[PDB]
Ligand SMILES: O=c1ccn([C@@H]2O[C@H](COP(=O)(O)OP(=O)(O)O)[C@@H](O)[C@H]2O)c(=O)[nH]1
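Read the single chain below, which is given as structure tokens and is the form deposited without the ligand.
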């Protein structure tokens, strides 16, 4: 691997995608991983106790931390965000600090570093660089896009070797319901459909389907996402963008169906047939240019995710329970 024996920074490295990227980097034989993470939406147990892992429990927007940074990194993965859509809507200023300003202050610091081979930014999901002012359901979605603007600017103006990796609907081990601090809404606990469904199935309760589960999504397993981020780092064109995607869609009804089959959850599912009006990212560029393919099936990824959830269920419950009081008063 081009990443063997390298020094890498993972901003947001204690998070869901981050922690899995860190695991993989260590597997690939990196020299050092510097995790920078304020634990706003993460648990310390998702960092490793590793001699190669240095952990700064600090915001990447902290001026002292930024000024302390040395030109000793080959690669930077910028994965920090304000998790997620619902939280951002609740408090756009909390989102801005942890989602927009993060990227700007990081790049501003990194712009004169010469050891950097690649700076990989996790963007929201061929690849086009045209955007509408009207997309944008949340401050979160806007912050993600702003990070792409910054990634293009810093490349053009300062030759910062940025690569934007667009993904969506990641799932897998290491996504903990209720991870971090209360960010204003029940989505702090119920972060995403897949871990919510897995948790509820493991507890033997009915999976709540919205509108018969007709919505489809391209789910991608987190270990494929980690490998895709690494491919972007190694071989992605500076200034460029790649979809990191499975190219396969699964209905929420089928997601639920599979989670129930795997867990043994015997409870009813109110599912409806999908109609053309219910749903009216290509992986080709990454495949062709980076040799990257996200090949873990929804069935295999779900099994792995459920296995991890089962093994860590008590810990996850203790973490969920810290938000009981905020949940009850929401």
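Positions refer to the first chain, counted from 1.
FYI, the form solved in complex with the ligand isn't displayed, but the following is about it.
Using a 4.5 angstroms heavy atom cutoff to the ligand in the deposited complex, all of 193, 197 and 208 count as contacting.
Proximity to the ligand in the deposited complex, taken as a non-hydrogen atom within 4.5 angstroms, holds for one residue of 226, 241, 160, 252, which is 252. Contact with the ligand in the deposited complex, defined as a heavy atom within 4.5 Å, holds for exactly one of 155, 105, 258, 217, namely 217. When contacts are judged by a 4.5 Å heavy atom cut-off, residue 169 counts as touching the ligand in the deposited complex. Residues of just one listed stretch (109 to 117, 185 to 193, 145 to 153, 231 to 239) have heavy atoms within 4.5 Å of the ligand in the deposited complex: 185 to 193. For the stretch 149 to 168, the set of residues having any non-hydrogen atom within 4.5 angstroms of the ligand in the deposited complex is empty.
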